[PDB]
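Next come the chains, spelled out residue by residue.
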Amino acid sequence: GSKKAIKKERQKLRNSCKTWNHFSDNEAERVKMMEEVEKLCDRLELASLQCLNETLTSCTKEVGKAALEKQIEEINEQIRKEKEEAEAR
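The rules behind the values
- Residues numbered from 1 in each chain as written, not as in the entry; some residues may be left out.
- Heavy atoms only, no water.
- Buried < 20%, exposed > 50% of the residue type's maximum accessible area, 1.4 Å probe, protein only.
- Helix = DSSP H or I, 4+ residues; strand = E, 2+ residues; numbered from the N terminus.
- Arc of directions from axis to C-beta.
- Contact = heavy atoms within 4.5 Å.
- Axes fitted to C-alpha atoms, helices over the stretch in contact; angles between N-to-C directions.
- Parallel < 35°, antiparallel > 145°, perpendicular 65-115°, else oblique.
- Left-handed = near helix turned anticlockwise from the far one by under 90°.
- Nonpolar A, V, L, I, M, F, W, Y, C, P; charged D, E, K, R; others polar.
- Core = buried A, V, L, I, M, F, W, Y, C linked by side-chain atoms within 4.5 Å.

- Looking at the entry header, you'll see solution NMR listed as the method.

- Per the PDB entry, the recorded name for the protein chain is DnaJ homolog subfamily C member 2, and the organism is Homo sapiens.

Laid out in structure tokens, this is it:
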């Protein structure tokens, strides 16, 4: 039904993401990413969330940030696909 494992991973991924983002005051950029990460937590399986975490923990900060954003956007699209059906019924 619900697992806190995804929340733990989200807390790790989000925290790591901010620390390895750019340490800039541009929070708006991270806001969209955070909104998408929130969506990941809401419907994405933790297995996928873990995969993204591994990538950003397997790459440098810039690579991990770019890779994480690219992966998060792809996941967001997948969430949107689920949302579309969810909205349908």
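Past the structure itself, the notes keep going.
### Here's the deal with helix 3 (residues 46-56)
- All of the buried residues along helix 3 are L49, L52, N53, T55 and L56. In an axial view of helix 3, the angular spread of the buried residues amounts to 160°, which keeps them on one side of the axis.
- Where helix 3 is buried, its residues contact helix 1 (5-19), helix 2 (27-43) and helix 4 (61-88).

### Considering the environment of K7
- Within the element layout of this structure, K7 appears in helix 1.
- Residue classification places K7 among the partly exposed residues on the basis of a relative accessible area of 43%.
- Sequence separation of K7 and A67 is 60 residues, and the distance between their C-alpha atoms is 21 Å.

### A look at the packing of helix 2 against helix 4
- Where helix 2 contacts helix 4, the axes come no closer than 9 Å and their chain directions differ by 50°. Taken as axis vectors, helix 2 and helix 4 run oblique relative to one another. In this structure, the crossing between helix 2 and helix 4 has a hand that is left-handed. In this structure, helix 2 uses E29, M33, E36, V37, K39, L40 and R43 to contact helix 4, whose residues at the interface are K65, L68, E69, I72, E73, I75, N76, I79, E82 and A86.
- Split into classes, the residues belonging to the contact of helix 2 with helix 4 amount to eight nonpolar, one polar and eight charged.

### A word on the nonpolar core
- Residues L13, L40, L52, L68, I72 and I75 are the most contacted members of the largest nonpolar core, which totals 14 residues.
- For this core, the elements supplying multiple residues, two or more each, are helix 1, helix 2, helix 3 and helix 4.
- By residue number, the principal contributor to this core is helix 4, which donates four residues.
- Residues in contact with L68, not counting those within four places in the same chain, are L13, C17, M33, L52, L56 and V63.

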